[PDB]
Amino acid sequence: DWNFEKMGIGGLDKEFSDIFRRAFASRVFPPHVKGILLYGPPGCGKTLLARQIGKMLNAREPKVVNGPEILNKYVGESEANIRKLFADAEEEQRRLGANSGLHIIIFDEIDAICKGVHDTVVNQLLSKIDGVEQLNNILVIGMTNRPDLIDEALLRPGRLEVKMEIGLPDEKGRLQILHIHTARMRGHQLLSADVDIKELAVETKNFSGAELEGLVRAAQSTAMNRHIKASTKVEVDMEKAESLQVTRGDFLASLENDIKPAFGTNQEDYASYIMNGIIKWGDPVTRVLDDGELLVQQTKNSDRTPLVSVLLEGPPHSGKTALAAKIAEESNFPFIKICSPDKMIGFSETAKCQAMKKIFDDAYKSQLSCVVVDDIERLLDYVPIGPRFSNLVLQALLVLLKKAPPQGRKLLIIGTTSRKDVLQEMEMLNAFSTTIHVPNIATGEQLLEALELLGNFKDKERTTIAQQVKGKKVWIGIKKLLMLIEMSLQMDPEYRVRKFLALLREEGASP
Amino acid sequence: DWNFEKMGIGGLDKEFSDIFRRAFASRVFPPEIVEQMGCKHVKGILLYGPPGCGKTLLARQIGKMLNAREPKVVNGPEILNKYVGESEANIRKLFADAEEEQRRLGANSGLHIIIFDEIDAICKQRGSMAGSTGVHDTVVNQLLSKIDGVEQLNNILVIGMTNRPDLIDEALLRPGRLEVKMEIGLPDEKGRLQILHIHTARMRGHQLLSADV
Amino acid sequence: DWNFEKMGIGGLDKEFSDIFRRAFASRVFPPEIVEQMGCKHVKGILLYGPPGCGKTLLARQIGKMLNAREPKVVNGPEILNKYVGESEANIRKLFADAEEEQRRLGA
Amino acid sequence: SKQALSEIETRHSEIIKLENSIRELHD
Amino acid sequence: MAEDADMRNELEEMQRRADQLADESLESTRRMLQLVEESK
Ligand SMILES: Nc1ncnc2c1ncn2[C@@H]1O[C@H](COP(=O)(O)OP(=O)(O)OP(=O)(O)O)[C@@H](O)[C@H]1O
Ligand SMILES: Nc1ncnc2c1ncn2[C@@H]1O[C@H](COP(=O)(O)OP(=O)(O)OP(=O)(O)O)[C@@H](O)[C@H]1O
Ligand SMILES: Nc1ncnc2c1ncn2[C@@H]1O[C@H](COP(=O)(O)OP(=O)(O)OP(=O)(O)O)[C@@H](O)[C@H]1O
Ligand SMILES: Nc1ncnc2c1ncn2[C@@H]1O[C@H](COP(=O)(O)OP(=O)(O)OP(=O)(O)O)[C@@H](O)[C@H]1O
């Protein structure tokens, strides 16, 4: 049949239709091709198609041979063996000529036939199939998993014409396979109603078919084992298991620990650069974000300024990278990436140059994009002694900052640092188009608002803190504020406020 | 005539339970229920772990637990032979009885055990290796084809153990051929207590041990 | 007829005492107590050190101190061979009489 | 295989038997 | 550059073809023919 689902296979409707259109169209057509090969990853049904094609055509029973079985120690027996194998159709061709049936030969694991002895055996088969006497009643189907280890000569035209392929099933194919292998369960009512096949099809990814069957078998096994007690002497529910109903829990368990996939996946870490969100502890944050939005719209709309850059400056422990990430996510450009020194530990200068070049090469392809670079001074490692740093990465940056992208494309660049004077000394402060400033907490009112937003000290403690602080100014970074709060939250309720004030005084300084 | 205490494995109490759950449940329930289920029995177990953990003990005890004929052990790479095309015959001679019986008694036959040992001495990556005359690739292909081929066999169980799984070839580790992949490992205080108790039982039973231990 | 002063080794008292304690102590006690205790004998020894100290002498003397079959001495890499699967056939020949006699005479 | 060599040997054993038979006839 | 140290080789023989029995068979058959001719 041409249904492709009656015989117990799914996921390759188009390939089956191609097989029908290309291979056997001539035979069906009112009154040829003599080479077929199959190759695909392990799993997805190949032997099934072999057996089905064996019983499909109104042809004689196919012969099944092995891969490494055509051999023998005594020179002479292998040649006689192949001769015996191929002797079947000779008599039929002799006695019936053109008006003869079709012969199907199945070679299993043919990859072991091509590699001295292997040369002669491949030559014998090669001559027999495509030699002086052309037989139009012989068809050979071979299958492998590693086509790389096959000879080119075996694949020339006139010998192996049709070269199909198999592939990992899609969601529809997985649903078809699950239907096929749960048909019996549904027919005998042994499957519970709470199970939802759509959820399983959505959840499972790239199981290549065989793993789906394994998962179904594992779920059956666990549902079967729930109704058996073994220790002293094996015993089973007997009658009570006659109503054994599988549950969603079994398909859950069989998926999370066993029946794992044979392939991998990827991971993302974009959540690591914001851990406490953003709180409006003061006016300047809104100003910074509004300026970022203006820059984003400027890069989006302009036509004769394709490249735009900005610099974020602020004393240490002032959350510059957090604002950089937030402004990056606000724009919602198609392509966004963050180049940070955390990945590159122990690298030389050349590796850093290559990494930056790769990131920018990726960024150039898309239409419009934005890139952010954080902690420049650590990227081109800097030490006040000497000073000392790298002169290759610096030039790479100074060149990449004023290189226009391909025609009709847009790139935005943001940079964050905490040492502006040094950058102005190296002359890199000229490249950037404009700069923005990130301040520190200055007035006690902003501090009190910050504590109120954090919600860690109550009205009495807050009043005491206000009395002790309103007559003073402050200079503190938000990250350090969180650290100090955590440090002072470790004492008993009696010493918390006094400890916090003591720590603030100890770290208390002026700009 | 069996009892979990008779084998004498200490510190591996959940691994054996998992193996019994996932490999021998199908063969114990009434045939009619299984036939209604239409499931196929597993045909492979793989074990690995650092030296001196209990793998071979598990294999021996599993072989002794069941019924029918005793297993057929293959000590390391004792299959290789110098004559051309003679290793394949030695590989194919192992499955002769299984093939014959499955052909003769349909789906009401006994059980045959095959215990491969130091499996990584034969089954290396097909494309790997160098020009060693190519015998190893032909061995791997023959084993792969015979374990699960066009002709179907469903009354054999194969156990394999090793010390470095990553060198086995992928085409062998897929559901159907060798599914369960355990990992025997170092014990913990409870396992250490169980092992110490196991190995000192008879001394306690014959009054050969002092009261201060 | 054995006596420690006959074998002629000097400066290796403690080492020999330790080896005799760990290795040949199981096989000298009356069998009944060993069976009751239920233990398996030790089947290995490794000797190492700098050149010229007395390893091979100890091995040879241990060879001429027991009442059993003569040792099978292997001189370096005697067991390699050019053909395929002929080193393994050489190795398996050493553990040949042991297996058959174990299966024949039990314990 | 060695089976071929054994088959040749049996062939020749039968030939020797025929040799003896014909020698007896001539005698 | 890195020069490969050299190489080492492994061997795998094959069955021999004595084909010497057929000679004895042929000699025997010729003797058959001689005796058969004489008997007539
Ligand atoms: N799409 C599918 N439809 C039906 N059965 C499938 C499908 N995918 C996998 N299977 C199951 O997996 C196996 C199909 O693979 P098969 O036995 O033909 O081996 P193969 O992967 O082609 O061979 P090899 O090990 O040589 O690569 C059977 O158990 C079949 O039940
Ligand atoms: N309004 C805010 N502005 C900035 N960061 C904030 C704000 N509210 C909360 N945070 C949190 O404060 C932390 C800021 O630490 P971050 O590492 O960004 O500081 P930094 O001074 O830019 O860094 P570095 O000193 O390592 O260059 C982040 O957890 C951020 O989520
Ligand atoms: N879990 C265990 N419980 C009881 N005895 C154990 C256990 N593990 C090891 N033993 C003891 O150690 C020996 C068994 O070693 P085993 O054959 O399992 O080693 P292995 O890991 O297969 O070694 P190798 O890697 O060298 O082949 C026996 O003495 C057995 O009593
Ligand atoms: N304890 C000893 N008492 C008496 N003679 C000794 C002693 N140790 C070594 N010798 C002398 O030195 C020789 C040591 O030879 P032996 O083979 O033990 O050296 P080795 O360390 O095994 O050799 P290699 O350096 O190749 O390892 C003996 O033959 C003997 O003459």
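Every residue number used here counts from 1 along the chain in the order it is shown.
Method reported for this entry: electron microscopy, 3.5 Å.
Backbone N, Cα and C define each Cβ position, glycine as well.
Per Swiss-Prot, the feature ATP binding site maps to A:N276, A:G277, A:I278, A:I279, A:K280, A:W281, A:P316, A:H317, A:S318, A:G319, A:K320, A:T321, A:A322, A:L323. If you look up Swiss-Prot, you'll see A:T321 marked as Mg(2+) binding site. Swiss-Prot lists A:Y39 with the feature phosphotyrosine. The phosphoserine annotation in Swiss-Prot covers A:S340, and the record cites similarity to another entry as its basis.
Within the set of binding-site residues (A:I278, A:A322), the lowest number of other Cβ atoms found within 10 Å of a Cβ is recorded at A:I278. All protein chains considered, the CB of the residue listed as 'phosphotyrosine' has 18 other CB atoms within 10 Å. Long-range Cβ proximity for A:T321 (Mg(2+) binding site), meaning a same-chain Cβ under 8 A and a gap of 6 or more residues, is found for A:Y273, A:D374, A:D375, A:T416.
Each of the binding-site residues A:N276, A:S318 was assessed for Cβ neighbours inside 10 Å, and the highest tally belongs to A:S318.
Cβ packing within 10 Å was compared across the binding-site residues A:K280, A:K320, and the lowest neighbour count falls to A:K280. Among the recorded positions A:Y39, A:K280, A:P316, A:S318, A:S340, the ones whose Cβ sits under 6 Å from an atom of ligand 2 are, in sequence order, A:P316, A:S318. For A:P316 (ATP binding site), the Cβ neighbour count at a 10 Å cut-off comes to 11, with all displayed protein chains included. The DSSP secondary structure for A:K280 (ATP binding site) is coil. Mapped onto three states, the DSSP output places A:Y39 (phosphotyrosine) in strand.
The 10 Å shell around the Cβ of A:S340 (phosphoserine) contains 17 further Cβ atoms across the protein chains shown.
In the three-state DSSP reading, A:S340 (phosphoserine) counts as coil. The ATP-binding residues named in the record, A:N276, A:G277, A:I278, A:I279, A:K280, A:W281, A:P316, A:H317, A:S318, A:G319, A:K320, A:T321, A:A322, A:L323, extend over a maximum Cα to Cα distance of 19 Å. DSSP assigns A:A322 (ATP binding site) to a helical segment in the three-state reduction. Rounded to a whole number, the C-alpha distance linking A:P316 (ATP binding site) with the residue listed as 'phosphoserine' is 17 angstrom.
Each residue contributes its Cα atom, and for A:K280 (ATP binding site) and A:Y39 (phosphotyrosine) those atoms are 61 Å apart. The separation of A:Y39 (phosphotyrosine) from A:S318 (ATP binding site), Cα to Cα, is 59 Å. A:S340 (phosphoserine) sits 20 Å from A:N276 (ATP binding site), counting Cα to Cα.
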